[PDB]
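Asks:
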Amino acid sequence: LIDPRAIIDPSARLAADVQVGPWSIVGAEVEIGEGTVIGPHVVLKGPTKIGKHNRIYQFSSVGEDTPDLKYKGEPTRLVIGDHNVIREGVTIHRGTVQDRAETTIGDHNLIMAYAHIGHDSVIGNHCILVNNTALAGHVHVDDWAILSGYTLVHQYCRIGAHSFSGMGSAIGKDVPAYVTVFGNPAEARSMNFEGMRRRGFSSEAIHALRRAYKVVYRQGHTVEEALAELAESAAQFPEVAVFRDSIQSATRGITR
Amino acid sequence: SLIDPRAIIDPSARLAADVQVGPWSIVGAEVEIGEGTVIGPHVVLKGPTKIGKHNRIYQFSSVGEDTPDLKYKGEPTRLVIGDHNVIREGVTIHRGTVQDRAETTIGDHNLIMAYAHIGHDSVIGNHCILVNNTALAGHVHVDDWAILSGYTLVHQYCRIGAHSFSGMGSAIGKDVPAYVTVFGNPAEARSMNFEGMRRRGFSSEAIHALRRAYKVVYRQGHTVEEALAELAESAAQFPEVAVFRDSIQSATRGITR
Amino acid sequence: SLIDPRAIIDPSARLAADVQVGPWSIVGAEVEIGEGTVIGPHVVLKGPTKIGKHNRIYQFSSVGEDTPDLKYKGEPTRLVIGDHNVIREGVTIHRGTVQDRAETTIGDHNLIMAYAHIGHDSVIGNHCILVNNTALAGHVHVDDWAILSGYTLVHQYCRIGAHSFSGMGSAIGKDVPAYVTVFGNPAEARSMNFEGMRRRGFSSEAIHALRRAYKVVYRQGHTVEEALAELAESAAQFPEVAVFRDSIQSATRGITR
Ligand SMILES: CC1(C)CN([C@]2(C(=O)Nc3nnn[nH]3)CN(C(=O)c3cccc(C(F)(F)F)c3)c3ccccc32)C(=O)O1
Ligand SMILES: CC1(C)CN([C@]2(C(=O)Nc3nnn[nH]3)CN(C(=O)c3cccc(C(F)(F)F)c3)c3ccccc32)C(=O)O1
Ligand SMILES: CC1(C)CN([C@]2(C(=O)Nc3nnn[nH]3)CN(C(=O)c3cccc(C(F)(F)F)c3)c3ccccc32)C(=O)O1
Ligand SMILES: CC1(C)CN([C@]2(C(=O)Nc3nnn[nH]3)CN(C(=O)c3cccc(C(F)(F)F)c3)c3ccccc32)C(=O)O1
Numbered sequence: 003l004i005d006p007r008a009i010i011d012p013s014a015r016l017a018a019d020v021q022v023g024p025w026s027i028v029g030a031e032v033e034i035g036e037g038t039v040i041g042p043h044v045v046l047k048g049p050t051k052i053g054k055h056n057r058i059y060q061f062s063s064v065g066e067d068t069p070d071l072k073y074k075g076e077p078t079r080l081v082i083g084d085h086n087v088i089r090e091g092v093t094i095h096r097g098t099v100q101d102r103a104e105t106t107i108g109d110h111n112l113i114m115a116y117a118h119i120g121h122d123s124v125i126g127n128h129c130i131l132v133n134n135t136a137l138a139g140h141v142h143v144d145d146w147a148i149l150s151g152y153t154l155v156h157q158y159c160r161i162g163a164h165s166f167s168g169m170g171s172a173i174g175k176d177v178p179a180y181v182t183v184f185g186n187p188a189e190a191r192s193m194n195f196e197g198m199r200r201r202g203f204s205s206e207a208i209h210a211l212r213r214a215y216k217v218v219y220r221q222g223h224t225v226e227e228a229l230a231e232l233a234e235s236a237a238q239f240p241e242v243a244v245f246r247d248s249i250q251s252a253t254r255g256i257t258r
Numbered sequence: 002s003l004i005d006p007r008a009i010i011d012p013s014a015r016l017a018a019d020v021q022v023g024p025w026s027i028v029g030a031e032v033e034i035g036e037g038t039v040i041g042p043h044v045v046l047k048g049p050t051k052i053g054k055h056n057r058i059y060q061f062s063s064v065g066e067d068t069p070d071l072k073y074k075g076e077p078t079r080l081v082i083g084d085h086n087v088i089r090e091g092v093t094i095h096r097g098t099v100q101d102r103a104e105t106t107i108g109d110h111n112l113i114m115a116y117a118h119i120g121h122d123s124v125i126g127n128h129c130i131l132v133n134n135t136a137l138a139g140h141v142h143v144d145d146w147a148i149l150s151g152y153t154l155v156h157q158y159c160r161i162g163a164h165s166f167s168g169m170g171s172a173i174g175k176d177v178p179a180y181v182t183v184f185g186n187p188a189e190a191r192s193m194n195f196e197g198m199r200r201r202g203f204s205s206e207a208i209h210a211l212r213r214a215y216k217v218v219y220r221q222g223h224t225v226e227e228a229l230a231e232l233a234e235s236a237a238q239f240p241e242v243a244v245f246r247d248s249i250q251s252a253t254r255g256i257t258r
Numbered sequence: 002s003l004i005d006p007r008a009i010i011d012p013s014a015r016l017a018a019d020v021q022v023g024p025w026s027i028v029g030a031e032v033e034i035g036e037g038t039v040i041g042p043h044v045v046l047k048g049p050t051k052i053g054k055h056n057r058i059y060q061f062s063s064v065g066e067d068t069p070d071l072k073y074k075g076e077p078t079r080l081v082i083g084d085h086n087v088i089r090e091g092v093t094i095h096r097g098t099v100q101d102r103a104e105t106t107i108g109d110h111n112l113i114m115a116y117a118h119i120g121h122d123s124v125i126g127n128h129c130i131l132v133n134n135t136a137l138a139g140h141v142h143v144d145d146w147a148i149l150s151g152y153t154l155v156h157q158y159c160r161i162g163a164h165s166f167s168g169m170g171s172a173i174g175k176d177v178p179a180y181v182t183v184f185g186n187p188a189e190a191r192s193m194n195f196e197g198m199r200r201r202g203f204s205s206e207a208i209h210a211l212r213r214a215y216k217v218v219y220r221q222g223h224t225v226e227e228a229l230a231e232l233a234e235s236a237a238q239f240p241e242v243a244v245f246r247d248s249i250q251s252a253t254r255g256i257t258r
């Protein structure tokens, strides 16, 4: 289960059915939960906590220090939840003290080859980061979001739930929930109706979100004006409230 | 032949004469390696996979992994690499899926540069160059002598024409006709690869005929049906123009404009 | 001790006494490593290659490989890295070609972040930052304090000026003058790096001269001939406008506009 060619630090805690492949390093203060398979040629650094039924593939560096010139060796953390797939050559950096000292990943996330998750980023659940997606730092990715290949995200951006970025997008402003963005710089194109159908949203909820999109994007309304007008629809449909909350929380401005 | 003793060779693996495997490489079950093939250190080969003769695979490459795109993998799906290919550092090459071809296929004399990605069910021909960080999403067909420049991204189901050229950072969502130069995200057709035609020793008359073939398709407001009819005489006279005409006729889902 | 027993050190390797080499790393023939330098695990160092003092090279880096460029034919070419450099996860640095000066050179205090690529015959200065996935095609000159943000792509023979800044996803095909800010694919000149200069301790007067300098080249309709003339005067009063004027003089590919 633990390959003999692997290096397991004395201070690392592993669960019973944890598999570690050859030429992998499990460093000091790395906990790894039940059902988790660490491939060959993985480097894990701590303090890091990994959940259960996770798969980390070869040439991944999970829990390295950020090279960000404001980090200075503080004992910052990385937390990964359950049922995640981290593919080949992914880099995940621990938090910085300037902002909560923790990088967090939720459950059922799929982080494809050579993706980069920067210091202090927060991923939710059921997210897909396609190959070479890069989160600069302090990026919040809400549940069910899809960032397509080579999507670049500037520090401090919020990517809303069920949002979609096109391949090679460069995001500089918050992406609201359900919104589709494309290009460098990314600009909003529509709502992720496909994404909503893929979760059996009530058709009334899809029609409600289509209306909400128009209130914000296609009616010359200011953000305050749009939020005001979304109030009733929000209180009526919890689906619309996610959208409403994602704009309200974006006082860095929204991706247009 | 030199098999590094720090390598892991699965007992079901088959190595031909003069195969080298560097330290800390894995040749997994049902991997066949052809004569004179050099596997570097830190390579992961997974099967079922057939690699031909006189290949070179560099460190940190993962060759014959399963696509992450399916949660519940099907087997058997295959990867076939031919002869005299160079696969540089960190390249990822996924096997096929049961849904579709069940096989990812690379021909001969290809150069796949560092951190390139070849997705499931893709088909590469001969004498192609995929520059660093080129990414084929899946079901991509790259025909002979095509050059994808650095950080080219190709949507699933796209055909990249023979002797075509994509500029660095291009994102291709439609078929690229043979010989055409494309640039941008999203990719736009700019001109023809006249440089490659000359480098490959095409005649000035074939080059001139292809310069006119481009104008017929792109600059005269013809339906593709009408462009194809306008090219039929040129295509009959020049096999190089028939390759162009064929790549346009085979593009049911439209060409990069 | 300091050399991990699981590392491979070639007999013809010269390591200073306090040099750390982590497990499953290779130090190839004719690799020289200077005092203080820490080599991580799973690193491949190939020669002939000189690494200076107090360097740090992270896992999955390939430092000193041959270029795949078809114009290299196995000649004895080198790589030189200076002191106090940080090379992160998965970086690729290729050695020179005989067609230039047979050397790839890196200076001191450089930060080269994950999966960056430094191609054959590139020369990096001092205090540069190459963010994740930056790619220099080859013969690229990056001057001191340049920052290339993530996924910056640089065409061969391009010069990146001192104190310049390239935005995420930039694709540079023409020289970037010193102090200039560029964004986009293709790259576009979008003023000068005033924030970097102010923080670097440049004088109010130098910044003001540079603003007029920028107008001379970019906003007055002058040619490079014309504009270089017009800078002479200011180039005398300030070193900075000299560095700027020099960057425009040496621009063999034209300048980013
Ligand atoms: C089946 C499908 C419709 C899905 N798809 C995928 C795609 O990138 N579509 C797209 N993005 N931006 N504009 N279009 C690729 N895909 C992928 O995950 C994929 C895998 C490797 C490389 C890449 C690339 F080229 F972008 F670097 C992508 C995926 C993942 C989630 C959602 C959609 C798509 C695609 O290309 O065809
Ligand atoms: C290709 C696939 C069968 C799988 N898939 C994807 C998915 O998120 N499935 C899922 N939903 N809920 N739980 N799992 C999203 N996806 C996709 O590739 C995808 C394709 C077209 C359009 C879109 C959308 F909604 F964003 F416009 C996405 C992908 C890529 C890799 C792995 C899994 C999946 C999907 O929707 O169809
Ligand atoms: C000598 C040459 C004329 C060729 N060339 C190369 C190039 O990228 N040209 C180009 N791309 N997009 N637009 N033009 C790079 N090159 C390369 O192989 C190369 C290597 C590393 C990184 C990159 C980059 F920058 F694109 F990420 C490229 C190559 C390979 C085949 C054909 C042409 C070119 C180049 O830059 O100068
Ligand atoms: C703190 C900061 C203002 C700086 N910054 C950084 C950035 O790339 N800014 C930027 N690029 N183009 N337009 N803006 C990211 N950053 C980084 O080094 C960084 C780290 C990981 C990934 C990336 C990405 F996604 F672009 F690949 C970048 C850095 C390094 C030096 C200077 C500025 C910035 C950023 O996003 O927030």
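Heads up: the sequence lines are chains C, A and B, in that order. In terms of the deposited numbering, the first sequence is residues 3 to 258. In terms of the deposited numbering, the second sequence is residues 2 to 258. In terms of the deposited numbering, the third sequence is residues 2 to 258. Think of the CB as a built atom: it goes at the ideal place given N, C-alpha and C, for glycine as much as any other residue.
I believe C:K54 touches C:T38 by the beta-carbon criterion, under 8 Å. Please report the beta-carbon distance rounded to the nearest angstrom.
Replies: Position 52 of the first sequence, counted from the first residue, corresponds to residue 54 of chain C. Position 36 of the first sequence, counted from the first residue, corresponds to residue 38 of chain C. The Cβ separation is near 6 Å, so the contact holds.
Asks: Between which two residues does the beta strand (DSSP E) carrying C:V81 extend?
Replies: Within the first sequence, the letter at position 79 stands for residue 81 of chain C. Here the beta strand (DSSP E) through C:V81 covers 79-82.
Asks: Examine the Cβ distances between the region 140-147 of chain C and the region 159-174 of chain C and report whether three or more of them are shorter than 8 Å.
Replies: yes
Asks: Is A:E66 closer than 8 Å to A:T105 when the C-beta atoms are compared?
Replies: Here residue 105 of chain A refers to the residue found at position 104 when the second sequence is read from its first residue. Here residue 66 of chain A refers to the residue found at position 65 when the second sequence is read from its first residue. No.
Asks: So B:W25 contacts chain C; which residues on that side make the cut at Cβ distance below 7 Å?
Replies: The residue given as residue 25 of chain B occupies position 24 in the third sequence. Those are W25, listed as they occur along chain C.
Asks: For C:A172, count the other beta carbons within 10 Å of its own beta carbon; 16 or more makes it buried, fewer makes it exposed. Which is it?
Replies: Reading the first sequence from its first residue, position 170 is the one you call residue 172 of chain C. Classification of C:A172: buried, given that the 10 Å Cβ count is 16 or more.
Asks: Let me check understanding here. Comparing Cα to Cα, which of A:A207, A:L229, A:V217 lies closest to A:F239?
Replies: Mapped onto the second sequence, residue 239 of chain A falls at position 238. It is A:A207.
Asks: Is the closest heavy atom of ligand 3 to the C-beta of B:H118 under 7 Å?
Replies: Within the third sequence, residue 118 of chain B is the residue found at index 117, counting from 1. Result yes, Cβ under 7 Å from ligand 3.
Asks: So, does the CB of A:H209 fall closer than 8 Å to a CB anywhere in chain B?
Replies: For the purposes of this step, residue 209 of chain A is taken as residue 208 along the second sequence, with counting starting at 1. So, not an interface residue.
Asks: Closer than 8 Å, Cβ to any Cβ of chain C: which residues of the region 59-82 of chain A, in chain order?
Replies: Within the region 59-82 of chain A, the qualifying residues are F61, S63, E66, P69.
Asks: Does residue 2 of chain C have its Cβ less than 8 Å from a Cβ in chain A?
Replies: Nothing about residue 2 of chain C can be reported from this structure: the residues present for chain C run from 3 to 258 only.
Asks: Report back the beta-carbon spacing between B:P24 and B:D5 to the nearest angstrom; my notes put them in contact at under 8 Å.
Replies: Position 23 of the third sequence, counting from 1, holds the residue named residue 24 of chain B. Position 4 of the third sequence, counting from 1, holds the residue named residue 5 of chain B. Their Cβ separation, rounded to whole angstroms, is 4 Å, which keeps B:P24 and B:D5 in contact under 8 Å.
Asks: How would you label A:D101, buried or exposed, when you count the other beta carbons within 10 angstroms and need 16 or more for buried?
Replies: Residue numbering aside, residue 101 of chain A sits at position 100 when the second sequence is read from its first letter. Result: exposed.
Asks: Any heavy atom of ligand 1 closer than 7 Å to the beta-carbon of C:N194?
Replies: Position 192 of the first sequence, counting from 1, holds the residue named residue 194 of chain C. No.
Asks: Check whether the Cβ of C:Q100 lies closer than 7 Å to any heavy atom of ligand 4, and answer yes or no.
Replies: As a working mapping, residue 100 of chain C is identified with position 98 in the first sequence. Because no heavy atom of ligand 4 lies under 7 Å away, the Cβ of C:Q100 does not count as near it: no.
Asks: From the DSSP output, in three-state form, read off B:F166 for me.
Replies: Numbered from its first residue, the third sequence carries residue 166 of chain B at position 165. Here B:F166 carries a strand assignment [DSSP, helix/strand/coil].
Asks: Give a single yes or no on whether C:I113 has its beta carbon closer than 7 Å to a heavy atom of ligand 2.
Replies: For this step, residue 113 of chain C is matched to residue 111 along the first sequence. False, no ligand heavy atom lies under 7 Å from that Cβ.
Asks: Determine the contact status of C:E36 and C:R15, defining contact as a CB-CB distance below 8 Å.
Replies: Counting from one through the first sequence, the residue named residue 36 of chain C turns up at place 34. Counting from one through the first sequence, the residue named residue 15 of chain C turns up at place 13. No, they are not a contact pair.
Asks: How about A:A190 and A:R258: do their beta carbons lie closer than 8 Å?
Replies: The count along the second sequence starts at 1 and reaches residue 190 of chain A at position 189. The count along the second sequence starts at 1 and reaches residue 258 of chain A at position 257. Yes, Cβ-Cβ distance for A:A190 and A:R258 is below 8 Å.
Asks: Do A:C129 and A:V143 count as a contact pair if the criterion is CB distance below 8 Å?
Replies: Here residue 143 of chain A refers to the residue found at position 142 of the second sequence. Here residue 129 of chain A refers to the residue found at position 128 of the second sequence. Contact flag set, yes.
Asks: Are the CB atoms of B:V45 and A:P42 nearer to each other than 8 Å?
Replies: Taking the third sequence and counting its residues from 1, one reaches residue 45 of chain B at position 44. Taking the second sequence and counting its residues from 1, one reaches residue 42 of chain A at position 41. Result yes, Cβ atoms of B:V45 and A:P42 sit closer than 8 Å.
Asks: Within the continuous beta strand (DSSP E) that includes C:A190, where are the two ends?
Replies: Within the first sequence, the letter at position 188 stands for residue 190 of chain C. Here the beta strand (DSSP E) through C:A190 covers 189-193.
Asks: Output the distance between the C-alpha atoms of A:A233 and A:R246, rounded to the nearest integer angstrom.
Replies: In the second sequence, the residue the question calls residue 233 of chain A occupies position 232. In the second sequence, the residue the question calls residue 246 of chain A occupies position 245. Roughly 8 Å separates the two Cα atoms.
Asks: Note down, in chain order, every chain B residue with its Cβ under 8 Å from the Cβ of C:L154.
Replies: On the first sequence, position 152 is the one that residue 154 of chain C refers to. Within chain B, the residues near C:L154 are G151, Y152, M169, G170.
Asks: From B:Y152 to B:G126, what distance separates their C-alpha atoms?
Replies: Your numbering for residue 152 of chain B matches position 151 in the third sequence. Your numbering for residue 126 of chain B matches position 125 in the third sequence. Cα to Cα, B:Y152 sits roughly 20 Å from B:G126.
Asks: By Cβ distance, which residues of its chain are closer than 7 Å to A:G97, with the 5 residues on each side in sequence left out?
Replies: As a position in the second sequence, residue 97 of chain A is number 96, starting the count at 1. Within the same chain, A:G97 has close Cβ partners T78, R79, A103, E104, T105, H121, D122.
Asks: Tell me whether A:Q250 sits in a helix, a strand or coil according to DSSP, three-state version.
Replies: Here residue 250 of chain A corresponds to residue number 249 of the second sequence, with the count starting at 1. Reduced to three states, the DSSP call for A:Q250 is helix.
Asks: Note down, in chain order, every chain B residue with its Cβ under 7 Å from the Cβ of A:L112.
Replies: In the second sequence, the residue the question calls residue 112 of chain A occupies position 111. Near A:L112 (Cβ distances below 7 Å), the residues of chain B are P69.
Asks: Please list the residues of the region 215-247 of chain A that have a C-beta atom closer than 8 Å to any C-beta atom in chain C, keeping them in chain order.
Replies: none
Asks: Using the Cα positions of C:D109 and A:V99, report the straight-line distance between them to the nearest angstrom.
Replies: Taking the first residue of the first sequence as 1, we reach residue 109 of chain C at position 107. Taking the first residue of the second sequence as 1, we reach residue 99 of chain A at position 98. Whole-angstrom Cα-Cα distance: 27 Å.
Asks: Given a threshold of 16 other Cβ atoms within 10 Å of its Cβ, counted over all protein chains shown, does B:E241 qualify as buried or as exposed?
Replies: By 1-based counting over the third sequence, the position of residue 241 of chain B is 240. Result: buried.
Asks: Below 7 Å, is the gap between the Cβ of B:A136 and the nearest heavy atom of ligand 3?
Replies: To locate residue 136 of chain B, count along the third sequence from 1; it is residue 135. Yes.
Asks: Residues in its own chain within less than 7 Å of C:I27 by CB, not counting five upstream and five downstream?
Replies: Residue 27 of chain C sits at position 25 when you count from the first residue of the first sequence. Closer than 7 Å at Cβ, skipping near neighbours: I9, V45, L46.
Asks: By the 10 Å Cβ neighbour count, where 16 or more other Cβ atoms means buried, how is A:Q60 classified, buried or exposed?
Replies: As a first step, residue 60 of chain A is located in the second sequence; it is residue number 59 there, counting from the start. The residue is buried, with at least 16 neighbouring Cβ atoms inside 10 Å.
Asks: In three-state DSSP terms, what is B:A233?
Replies: Reading the third sequence from its first residue, position 232 is the one you call residue 233 of chain B. In the structure shown, B:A233 sits in a helix (DSSP, three-state: H, G or I).
Asks: Return the Cβ separation of A:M193 and A:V181 in integer angstroms, given the expectation that the two are a contact with Cβ distance under 8 Å.
Replies: Here residue 193 of chain A refers to the residue found at position 192 of the second sequence. Here residue 181 of chain A refers to the residue found at position 180 of the second sequence. Cβ atoms of A:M193 and A:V181 come within 8 Å of each other, at about 6 Å.
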